[PDB]
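Next up, data-v4.tsv (TSV, N, CA and C atoms and all ligand atoms):
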```
chain	number	residue	atom	x	y	z
N	303	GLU	N	-63.39	87.76	-13.40
N	303	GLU	CA	-64.84	87.56	-13.31
N	303	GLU	C	-65.59	88.47	-14.31
N	304	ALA	N	-65.25	89.79	-14.34
N	304	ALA	CA	-65.91	90.80	-15.21
N	304	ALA	C	-67.45	90.83	-14.97
N	305	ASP	N	-67.87	90.62	-13.69
N	305	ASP	CA	-69.28	90.57	-13.29
N	305	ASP	C	-69.63	91.78	-12.40
N	306	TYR	N	-68.88	91.95	-11.27
N	306	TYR	CA	-69.07	93.04	-10.28
N	306	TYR	C	-70.16	92.68	-9.22
N	307	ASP	N	-71.18	91.88	-9.59
N	307	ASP	CA	-72.25	91.53	-8.66
N	307	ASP	C	-71.87	90.30	-7.82
N	308	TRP	N	-71.88	90.44	-6.48
N	308	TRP	CA	-71.53	89.35	-5.58
N	308	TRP	C	-72.63	88.27	-5.54
N	309	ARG	N	-73.89	88.65	-5.80
N	309	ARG	CA	-75.00	87.70	-5.83
N	309	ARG	C	-74.89	86.75	-7.03
N	310	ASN	N	-74.45	87.26	-8.19
N	310	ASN	CA	-74.23	86.42	-9.38
N	310	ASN	C	-73.04	85.49	-9.14
N	311	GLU	N	-72.04	85.95	-8.37
N	311	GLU	CA	-70.88	85.12	-7.98
N	311	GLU	C	-71.36	83.97	-7.05
N	312	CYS	N	-72.39	84.24	-6.22
N	312	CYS	CA	-73.03	83.22	-5.38
N	312	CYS	C	-73.81	82.24	-6.25
N	313	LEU	N	-74.57	82.76	-7.22
N	313	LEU	CA	-75.35	81.92	-8.11
N	313	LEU	C	-74.44	81.03	-8.99
N	314	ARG	N	-73.33	81.60	-9.48
N	314	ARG	CA	-72.33	80.84	-10.25
N	314	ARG	C	-71.88	79.61	-9.44
N	315	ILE	N	-71.50	79.81	-8.17
N	315	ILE	CA	-71.02	78.73	-7.31
N	315	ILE	C	-72.15	77.72	-7.01
N	316	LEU	N	-73.36	78.21	-6.74
N	316	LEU	CA	-74.53	77.36	-6.54
N	316	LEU	C	-74.77	76.45	-7.76
N	317	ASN	N	-74.67	77.03	-8.97
N	317	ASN	CA	-74.83	76.28	-10.21
N	317	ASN	C	-73.73	75.23	-10.40
N	318	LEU	N	-72.52	75.48	-9.88
N	318	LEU	CA	-71.44	74.50	-9.94
N	318	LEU	C	-71.69	73.34	-8.94
N	319	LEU	N	-72.30	73.60	-7.78
N	319	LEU	CA	-72.66	72.51	-6.85
N	319	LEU	C	-73.79	71.64	-7.40
N	320	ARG	N	-74.61	72.17	-8.32
N	320	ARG	CA	-75.69	71.39	-8.96
N	320	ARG	C	-75.12	70.33	-9.91
N	321	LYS	N	-73.87	70.49	-10.35
N	321	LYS	CA	-73.24	69.51	-11.23
N	321	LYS	C	-72.55	68.38	-10.43
N	322	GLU	N	-72.60	68.41	-9.08
N	322	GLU	CA	-71.93	67.38	-8.27
N	322	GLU	C	-72.77	66.12	-8.17
N	323	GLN	N	-72.14	65.02	-7.73
N	323	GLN	CA	-72.79	63.72	-7.62
N	323	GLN	C	-73.93	63.74	-6.59
N	324	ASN	N	-75.12	63.23	-6.99
N	324	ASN	CA	-76.32	63.17	-6.18
N	324	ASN	C	-76.74	64.59	-5.73
N	325	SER	N	-76.55	65.59	-6.63
N	325	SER	CA	-76.96	66.98	-6.37
N	325	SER	C	-78.49	67.10	-6.25
N	326	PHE	N	-79.24	66.19	-6.89
N	326	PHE	CA	-80.71	66.17	-6.82
N	326	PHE	C	-81.20	66.12	-5.35
N	327	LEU	N	-80.39	65.54	-4.44
N	327	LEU	CA	-80.77	65.43	-3.02
N	327	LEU	C	-81.06	66.78	-2.40
N	328	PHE	N	-80.28	67.80	-2.76
N	328	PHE	CA	-80.33	69.10	-2.14
N	328	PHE	C	-81.02	70.16	-2.99
N	329	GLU	N	-81.68	69.77	-4.09
N	329	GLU	CA	-82.26	70.73	-5.02
N	329	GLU	C	-83.56	71.33	-4.49
N	330	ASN	N	-84.51	70.49	-4.11
N	330	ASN	CA	-85.82	70.96	-3.67
N	330	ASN	C	-86.05	70.61	-2.21
N	331	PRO	N	-87.04	71.27	-1.54
N	331	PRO	CA	-87.28	70.97	-0.12
N	331	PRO	C	-87.65	69.51	0.14
N	332	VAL	N	-86.98	68.89	1.13
N	332	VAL	CA	-87.26	67.50	1.52
N	332	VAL	C	-88.68	67.36	2.10
N	333	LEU	N	-89.18	68.39	2.82
N	333	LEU	CA	-90.51	68.36	3.43
N	333	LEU	C	-91.65	68.50	2.37
N	334	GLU	N	-91.34	68.99	1.14
N	334	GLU	CA	-92.31	69.06	0.03
N	334	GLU	C	-92.21	67.81	-0.87
N	335	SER	N	-91.20	66.95	-0.64
N	335	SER	CA	-90.92	65.83	-1.53
N	335	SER	C	-91.97	64.71	-1.42
N	336	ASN	N	-92.54	64.31	-2.57
N	336	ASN	CA	-93.48	63.19	-2.66
N	336	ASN	C	-92.69	61.86	-2.73
N	337	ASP	N	-91.36	61.93	-2.99
N	337	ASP	CA	-90.50	60.76	-3.09
N	337	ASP	C	-90.33	60.10	-1.71
N	338	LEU	N	-90.11	60.91	-0.66
N	338	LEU	CA	-89.96	60.39	0.70
N	338	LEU	C	-91.34	60.05	1.29
N	339	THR	N	-91.37	59.20	2.34
N	339	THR	CA	-92.62	58.84	3.02
N	339	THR	C	-92.90	59.89	4.10
N	340	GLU	N	-94.15	59.97	4.59
N	340	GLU	CA	-94.51	60.92	5.65
N	340	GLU	C	-93.80	60.55	6.96
N	341	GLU	N	-93.63	59.22	7.23
N	341	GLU	CA	-92.94	58.74	8.44
N	341	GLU	C	-91.55	59.39	8.56
N	342	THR	N	-90.76	59.32	7.48
N	342	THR	CA	-89.41	59.89	7.43
N	342	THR	C	-89.46	61.45	7.47
N	343	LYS	N	-90.46	62.07	6.81
N	343	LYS	CA	-90.60	63.53	6.80
N	343	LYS	C	-91.04	64.07	8.17
N	344	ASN	N	-91.77	63.26	8.95
N	344	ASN	CA	-92.21	63.67	10.30
N	344	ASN	C	-91.04	63.61	11.30
N	345	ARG	N	-90.13	62.62	11.12
N	345	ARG	CA	-88.94	62.52	11.96
N	345	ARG	C	-88.00	63.67	11.60
N	346	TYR	N	-87.98	64.08	10.32
N	346	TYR	CA	-87.13	65.18	9.83
N	346	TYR	C	-87.44	66.50	10.54
N	347	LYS	N	-88.72	66.82	10.74
N	347	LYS	CA	-89.12	68.07	11.41
N	347	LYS	C	-88.63	68.07	12.86
N	348	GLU	N	-88.63	66.89	13.51
N	348	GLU	CA	-88.17	66.73	14.89
N	348	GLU	C	-86.64	66.88	14.97
N	349	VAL	N	-85.91	66.29	14.01
N	349	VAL	CA	-84.45	66.28	14.01
N	349	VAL	C	-83.89	67.61	13.47
N	350	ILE	N	-84.46	68.15	12.38
N	350	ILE	CA	-83.94	69.37	11.76
N	350	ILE	C	-84.89	70.59	12.00
N	351	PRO	N	-84.44	71.61	12.76
N	351	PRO	CA	-85.30	72.78	13.00
N	351	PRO	C	-85.34	73.79	11.83
N	352	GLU	N	-84.25	73.88	11.01
N	352	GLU	CA	-84.20	74.82	9.89
N	352	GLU	C	-83.82	74.10	8.58
N	353	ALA	N	-84.81	73.69	7.80
N	353	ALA	CA	-84.54	73.05	6.51
N	353	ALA	C	-84.10	74.08	5.46
N	354	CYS	N	-83.34	73.65	4.45
N	354	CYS	CA	-82.92	74.54	3.37
N	354	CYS	C	-82.59	73.73	2.09
N	355	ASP	N	-82.46	74.43	0.93
N	355	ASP	CA	-82.14	73.77	-0.35
N	355	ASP	C	-81.77	74.79	-1.41
N	356	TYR	N	-81.23	74.32	-2.54
N	356	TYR	CA	-80.68	75.19	-3.59
N	356	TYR	C	-81.70	76.08	-4.22
N	357	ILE	N	-82.87	75.55	-4.56
N	357	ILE	CA	-83.90	76.36	-5.24
N	357	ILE	C	-84.39	77.47	-4.28
N	358	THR	N	-84.45	77.17	-2.95
N	358	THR	CA	-84.86	78.16	-1.93
N	358	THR	C	-83.78	79.25	-1.79
N	359	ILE	N	-82.50	78.88	-1.84
N	359	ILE	CA	-81.40	79.86	-1.78
N	359	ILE	C	-81.41	80.71	-3.05
N	360	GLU	N	-81.50	80.06	-4.24
N	360	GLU	CA	-81.56	80.76	-5.54
N	360	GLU	C	-82.66	81.80	-5.56
N	361	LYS	N	-83.87	81.44	-5.12
N	361	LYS	CA	-84.99	82.37	-5.06
N	361	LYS	C	-84.74	83.51	-4.04
N	362	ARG	N	-84.02	83.23	-2.92
N	362	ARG	CA	-83.66	84.28	-1.95
N	362	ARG	C	-82.60	85.27	-2.53
N	363	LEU	N	-81.70	84.80	-3.43
N	363	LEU	CA	-80.69	85.68	-4.06
N	363	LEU	C	-81.33	86.62	-5.07
N	364	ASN	N	-82.36	86.16	-5.78
N	364	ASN	CA	-83.01	86.97	-6.83
N	364	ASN	C	-83.90	88.09	-6.24
N	365	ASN	N	-84.25	88.04	-4.92
N	365	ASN	CA	-85.07	89.09	-4.28
N	365	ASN	C	-84.32	90.46	-4.29
N	366	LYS	N	-82.96	90.43	-4.13
N	366	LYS	CA	-82.09	91.63	-4.14
N	366	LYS	C	-82.64	92.73	-3.21
N	389	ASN	N	-91.35	86.19	1.72
N	389	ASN	CA	-90.22	86.12	0.79
N	389	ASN	C	-88.98	86.85	1.38
N	390	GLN	N	-88.02	86.07	1.93
N	390	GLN	CA	-86.81	86.61	2.55
N	390	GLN	C	-85.72	86.88	1.49
N	391	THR	N	-84.68	87.65	1.85
N	391	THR	CA	-83.59	87.98	0.92
N	391	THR	C	-82.24	87.81	1.62
N	392	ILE	N	-81.23	87.33	0.88
N	392	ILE	CA	-79.88	87.13	1.40
N	392	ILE	C	-79.14	88.50	1.40
N	393	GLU	N	-78.84	89.04	2.61
N	393	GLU	CA	-78.25	90.38	2.76
N	393	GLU	C	-76.78	90.42	2.41
N	394	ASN	N	-76.05	89.28	2.49
N	394	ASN	CA	-74.60	89.32	2.25
N	394	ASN	C	-74.02	87.93	1.95
N	395	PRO	N	-72.74	87.85	1.53
N	395	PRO	CA	-72.14	86.53	1.26
N	395	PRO	C	-72.03	85.65	2.52
N	396	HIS	N	-72.05	86.26	3.69
N	396	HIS	CA	-71.93	85.55	4.97
N	396	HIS	C	-73.20	84.75	5.23
N	397	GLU	N	-74.38	85.33	4.94
N	397	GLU	CA	-75.64	84.60	5.06
N	397	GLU	C	-75.72	83.50	3.96
N	398	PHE	N	-75.27	83.79	2.73
N	398	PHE	CA	-75.28	82.79	1.68
N	398	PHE	C	-74.44	81.59	2.11
N	399	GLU	N	-73.23	81.85	2.65
N	399	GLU	CA	-72.35	80.77	3.12
N	399	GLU	C	-73.07	79.91	4.18
N	400	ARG	N	-73.68	80.56	5.16
N	400	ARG	CA	-74.44	79.87	6.21
N	400	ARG	C	-75.52	78.94	5.62
N	401	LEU	N	-76.32	79.45	4.68
N	401	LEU	CA	-77.46	78.73	4.14
N	401	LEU	C	-77.00	77.52	3.33
N	402	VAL	N	-75.97	77.68	2.51
N	402	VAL	CA	-75.45	76.55	1.73
N	402	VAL	C	-74.90	75.46	2.67
N	403	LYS	N	-74.12	75.85	3.68
N	403	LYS	CA	-73.54	74.88	4.61
N	403	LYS	C	-74.60	74.24	5.49
N	404	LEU	N	-75.70	74.96	5.76
N	404	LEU	CA	-76.86	74.43	6.51
N	404	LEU	C	-77.47	73.20	5.80
N	405	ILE	N	-77.51	73.22	4.46
N	405	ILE	CA	-78.01	72.12	3.62
N	405	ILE	C	-77.20	70.85	3.89
N	406	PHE	N	-75.89	70.96	3.90
N	406	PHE	CA	-75.00	69.81	4.08
N	406	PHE	C	-74.93	69.33	5.54
N	407	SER	N	-75.03	70.23	6.55
N	407	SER	CA	-74.99	69.80	7.95
N	407	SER	C	-76.30	69.17	8.36
N	408	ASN	N	-77.43	69.62	7.80
N	408	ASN	CA	-78.73	69.00	8.11
N	408	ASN	C	-78.73	67.56	7.57
N	409	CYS	N	-78.21	67.38	6.37
N	409	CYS	CA	-78.12	66.08	5.75
N	409	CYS	C	-77.18	65.17	6.54
N	410	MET	N	-76.09	65.71	7.04
N	410	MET	CA	-75.12	64.91	7.80
N	410	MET	C	-75.59	64.67	9.24
N	411	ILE	N	-76.53	65.47	9.78
N	411	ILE	CA	-77.12	65.19	11.11
N	411	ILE	C	-78.24	64.13	10.98
N	412	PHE	N	-79.05	64.21	9.92
N	412	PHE	CA	-80.21	63.34	9.75
N	412	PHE	C	-79.84	61.94	9.24
N	413	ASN	N	-78.81	61.81	8.40
N	413	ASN	CA	-78.52	60.51	7.78
N	413	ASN	C	-77.27	59.90	8.38
N	414	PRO	N	-77.21	58.54	8.46
N	414	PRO	CA	-76.06	57.90	9.10
N	414	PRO	C	-74.85	57.82	8.17
N	415	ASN	N	-73.65	57.74	8.75
N	415	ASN	CA	-72.40	57.68	7.98
N	415	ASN	C	-71.92	56.23	7.87
N	416	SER	N	-72.80	55.28	8.19
N	416	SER	CA	-72.51	53.85	8.09
N	416	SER	C	-73.75	53.12	7.58
N	417	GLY	N	-73.53	51.97	6.98
N	417	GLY	CA	-74.62	51.14	6.48
N	417	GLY	C	-74.84	51.26	4.99
N	418	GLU	N	-75.97	50.73	4.52
N	418	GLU	CA	-76.28	50.67	3.10
N	418	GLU	C	-76.61	52.05	2.52
N	419	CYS	N	-77.29	52.92	3.28
N	419	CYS	CA	-77.66	54.22	2.73
N	419	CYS	C	-76.71	55.35	3.28
N	420	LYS	N	-75.40	55.02	3.50
N	420	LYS	CA	-74.41	56.02	3.92
N	420	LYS	C	-74.00	56.95	2.74
N	421	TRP	N	-74.37	56.60	1.50
N	421	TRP	CA	-74.06	57.41	0.32
N	421	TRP	C	-74.76	58.81	0.37
N	422	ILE	N	-75.87	58.95	1.14
N	422	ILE	CA	-76.56	60.24	1.29
N	422	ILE	C	-75.67	61.18	2.07
N	423	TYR	N	-75.21	60.74	3.25
N	423	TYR	CA	-74.27	61.50	4.10
N	423	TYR	C	-73.00	61.84	3.32
N	424	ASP	N	-72.41	60.85	2.64
N	424	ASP	CA	-71.16	61.03	1.88
N	424	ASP	C	-71.32	62.02	0.74
N	425	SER	N	-72.51	62.09	0.13
N	425	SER	CA	-72.78	63.04	-0.95
N	425	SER	C	-72.77	64.47	-0.41
N	426	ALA	N	-73.39	64.69	0.79
N	426	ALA	CA	-73.40	66.01	1.48
N	426	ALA	C	-72.00	66.43	1.83
N	427	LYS	N	-71.19	65.47	2.32
N	427	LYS	CA	-69.81	65.72	2.71
N	427	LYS	C	-68.96	66.18	1.50
N	428	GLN	N	-69.18	65.62	0.32
N	428	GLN	CA	-68.37	65.95	-0.87
N	428	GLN	C	-68.81	67.26	-1.49
N	429	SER	N	-70.09	67.60	-1.42
N	429	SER	CA	-70.57	68.89	-1.93
N	429	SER	C	-70.11	70.02	-0.99
N	430	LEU	N	-70.03	69.75	0.32
N	430	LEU	CA	-69.49	70.70	1.29
N	430	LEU	C	-68.00	70.93	1.00
N	431	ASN	N	-67.27	69.86	0.68
N	431	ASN	CA	-65.86	69.96	0.35
N	431	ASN	C	-65.68	70.73	-0.97
N	432	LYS	N	-66.51	70.44	-1.98
N	432	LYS	CA	-66.49	71.18	-3.24
N	432	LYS	C	-66.86	72.65	-2.99
N	433	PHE	N	-67.87	72.92	-2.14
N	433	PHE	CA	-68.26	74.29	-1.84
N	433	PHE	C	-67.10	75.07	-1.21
N	434	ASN	N	-66.42	74.48	-0.22
N	434	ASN	CA	-65.30	75.14	0.45
N	434	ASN	C	-64.21	75.50	-0.51
N	435	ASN	N	-63.91	74.63	-1.45
N	435	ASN	CA	-62.86	74.88	-2.43
N	435	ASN	C	-63.24	76.01	-3.40
N	436	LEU	N	-64.52	76.08	-3.82
N	436	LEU	CA	-64.99	77.15	-4.70
N	436	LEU	C	-65.04	78.47	-3.93
N	437	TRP	N	-65.61	78.43	-2.74
N	437	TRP	CA	-65.77	79.61	-1.88
N	437	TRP	C	-64.42	80.23	-1.49
N	438	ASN	N	-63.45	79.41	-1.09
N	438	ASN	CA	-62.13	79.89	-0.66
N	438	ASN	C	-61.33	80.58	-1.78
N	439	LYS	N	-61.57	80.24	-3.07
N	439	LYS	CA	-60.83	80.83	-4.19
N	439	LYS	C	-61.69	81.92	-4.92
N	440	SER	N	-62.87	82.30	-4.33
N	440	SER	CA	-63.82	83.28	-4.90
N	440	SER	C	-63.57	84.73	-4.40
N	441	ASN	N	-63.90	85.75	-5.26
N	441	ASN	CA	-63.81	87.19	-4.93
N	441	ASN	C	-65.16	87.75	-4.39
N	442	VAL	N	-66.10	86.87	-4.05
N	442	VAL	CA	-67.46	87.22	-3.59
N	442	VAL	C	-67.44	88.28	-2.44
N	443	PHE	N	-66.50	88.16	-1.46
N	443	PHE	CA	-66.36	89.13	-0.37
N	443	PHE	C	-65.70	90.41	-0.85
N	444	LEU	N	-64.73	90.31	-1.76
N	444	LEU	CA	-64.10	91.51	-2.33
N	444	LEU	C	-65.10	92.29	-3.20
N	445	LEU	N	-66.07	91.59	-3.82
N	445	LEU	CA	-67.14	92.23	-4.58
N	445	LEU	C	-68.13	92.90	-3.62
N	446	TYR	N	-68.54	92.19	-2.56
N	446	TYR	CA	-69.42	92.75	-1.53
N	446	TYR	C	-68.79	93.94	-0.78
N	447	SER	N	-67.53	93.79	-0.31
N	447	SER	CA	-66.85	94.84	0.45
N	447	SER	C	-66.74	96.15	-0.37
N	448	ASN	N	-66.50	96.02	-1.68
N	448	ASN	CA	-66.40	97.16	-2.58
N	448	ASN	C	-67.73	97.32	-3.37
N	449	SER	N	-68.85	97.54	-2.63
N	449	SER	CA	-70.18	97.76	-3.23
N	449	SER	C	-70.97	98.80	-2.41
X	501	LIG	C1	-83.02	56.46	4.30
X	501	LIG	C2	-83.87	57.58	4.86
X	501	LIG	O1	-83.17	58.85	4.64
X	501	LIG	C3	-83.47	59.54	3.51
X	501	LIG	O2	-84.21	59.15	2.64
X	501	LIG	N1	-82.78	60.74	3.51
X	501	LIG	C4	-82.83	61.75	2.51
X	501	LIG	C5	-83.38	61.66	1.25
X	501	LIG	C6	-83.38	62.76	0.33
X	501	LIG	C7	-83.99	62.69	-1.01
X	501	LIG	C8	-84.47	61.48	-1.53
X	501	LIG	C9	-85.01	61.43	-2.79
X	501	LIG	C10	-85.11	62.56	-3.60
X	501	LIG	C11	-85.71	62.48	-4.98
X	501	LIG	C12	-84.63	63.78	-3.07
X	501	LIG	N2	-84.67	64.97	-3.85
X	501	LIG	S1	-85.75	66.18	-3.67
X	501	LIG	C13	-85.80	66.55	-1.96
X	501	LIG	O3	-85.22	67.31	-4.36
X	501	LIG	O4	-87.02	65.66	-4.06
X	501	LIG	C14	-84.07	63.83	-1.80
X	501	LIG	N3	-82.83	63.92	0.62
X	501	LIG	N4	-82.27	63.99	1.88
X	501	LIG	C15	-81.69	65.09	2.44
X	501	LIG	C16	-81.45	66.37	1.71
X	501	LIG	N5	-81.35	64.83	3.68
X	501	LIG	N6	-81.69	63.51	3.94
X	501	LIG	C17	-82.24	63.01	2.84
```
Encoding of this model in structure tokens:
Amino acid sequence: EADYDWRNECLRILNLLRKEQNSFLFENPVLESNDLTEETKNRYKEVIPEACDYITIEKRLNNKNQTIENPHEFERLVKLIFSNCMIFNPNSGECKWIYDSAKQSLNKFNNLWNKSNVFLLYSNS
């Protein structure tokens, strides 16, 4: 790595999830999106109590306005993005590609996270 900072190791992995298929879904807050209708955004607040997204996590890592205290909170927040998407959207029908996109980015995240030194950088800091 030759980095030493665990937060940059988190940002590196976040930037790699941005290159995944339909990554635009998880980039900005769904509740701020002008693309979705208010009807769907009002059901979202009822179904999802804690919304999250990549730009919100990225801004929380740069704090060093909340701040991510450790890799364990970063892991929670990234996985929260994919579980909210998989709770809100169906895994069957014509628009099942939204759920499937969350599922594949979660799978990509686990593979990057499991082979990362992010905890060894945090533990030795
Ligand atoms: C059939 C009804 O269901 C839905 O439309 N579902 C969801 C839709 C979108 C969504 C759409 C369009 C755009 C352009 C974006 N990108 S953004 C938020 O950065 O502006 C996201 N995100 N999403 C997330 C997460 N979780 N569920 C959904």
Residues within 7 Å of stretch 429-438 of chain N, please, as a list in words. Count only C-alpha atoms; anything in the same chain fewer than 4 positions from it doesn't count. residues 315, 319, 322, 403, 406 and 425 of chain N
In terms of the shortest atom-to-atom distance over all atoms listed in the file, which of N:447, N:389, N:408, N:394 is closest to ligand LIG 501 (chain X)? N:408
Check every protein, DNA and RNA residue against ligand LIG 501 (chain X), keep those with an atom at most 7 Å away (counting all atoms listed in the file), and present them as a PyMOL selection string. chain N and resi 325-338+342+405+408-410+412-413+419+422
Between atom CA of residue N:314 and atom CA of residue N:420, what is the distance in Å, rounded to a tenth? 28.7 Å
Apply DSSP to the structure's backbone, then extract all residues of stretch 306-419 of chain N labelled helix (DSSP H, G or I) and return them as a ChimeraX atom specification. /N:308-319,325-328,332-334,340-349,356-364,395-412
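Atom pair atom C of residue N:424 / atom C of residue N:323: separated by 8.0 Å.
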Would you be able to write out as an MDAnalysis selection string which residues have an atom within 10 Å of (-64.7, 88.5, -3.6) in the file's coordinates, counting only C-alpha atoms? chainID N and resid 303 306:308 311 395 437:448
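Coordinates place atom CA of residue N:312 at a distance of 27.8 Å from atom CA of residue N:347.
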Choose the residue, out of N:411, N:391, N:304, N:401, that has the smallest atom-to-atom separation from residue N:349; count only N, CA and C atoms. N:411
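Among N:350, N:404, N:363, N:426, the residue with the shortest atom-to-atom distance to residue N:320, counting only C-alpha atoms, is N:426.
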